[PDB]
């Protein structure tokens, strides 16, 4: 039921999640070591495992309640660990072929977003990839209003239980998002050699950066 509600709250869910799965599957070996930052119930891990049965996934998140949902989903998988940690805590050593994230880093202050991309590159092997599926701000307040009408169109066409869209609205007034080109530039500053926006549906986008390639 949780899986259906995310599809309802996020436009072009398949396109954007899928694009994170595909860019990782064309960047990394079948036996890659992957870190999922703020994995929550571990949906992005799920999509990755569906593509890459032989990959070793570390799921990390500050919320023990969210990771117990992840643990449930991955009950009978041997190649899946869990790590209780804040994004601002020392990252695991790795190294990792891939670090992936969905809808988490927009909860950090801008400066801590720049400090995280630099620390993520340190635990990435050469040729490794960083993939973010992210809530982005429009570049002007006029466009932000258009972004909002488009997100709200998708939610209502999806027949979202109102109680759940009202909650959605409230979680969103603590968010600290930014335009997708500011974030992508920060990848370049942190030293990723190549950074690109792969797919986008107004307020949501999949971007990636590569360490060497």
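Positions refer to the first chain, counted from 1.
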158-166 versus 177-185 - greater average Cα B-factor per the deposited record: 158-166
Entry-level comparison of average CA B-factors, 103-111 and 72-80, reporting the higher stretch: 72-80
Given 35, 28, 172, 65, the residue at which the Cα B factor reaches its maximum: 172
Candidate residues 143, 88, 98, 123, the one whose C-alpha B factor the record puts highest: 88
Relative C-alpha B-factor of residue 116, binned into the chain's lowest, middle or highest third: lowest
Relative C-alpha B-factor of residue 138, binned into the chain's lowest, middle or highest third: middle
Record-listed C-alpha B factor of residue 45: chain third: highest
Ranked C-alpha temperature factor of residue 94 among modelled chain residues, by third: highest
Where the record places residue 9 (Cα B-factor, split into thirds across the chain): highest
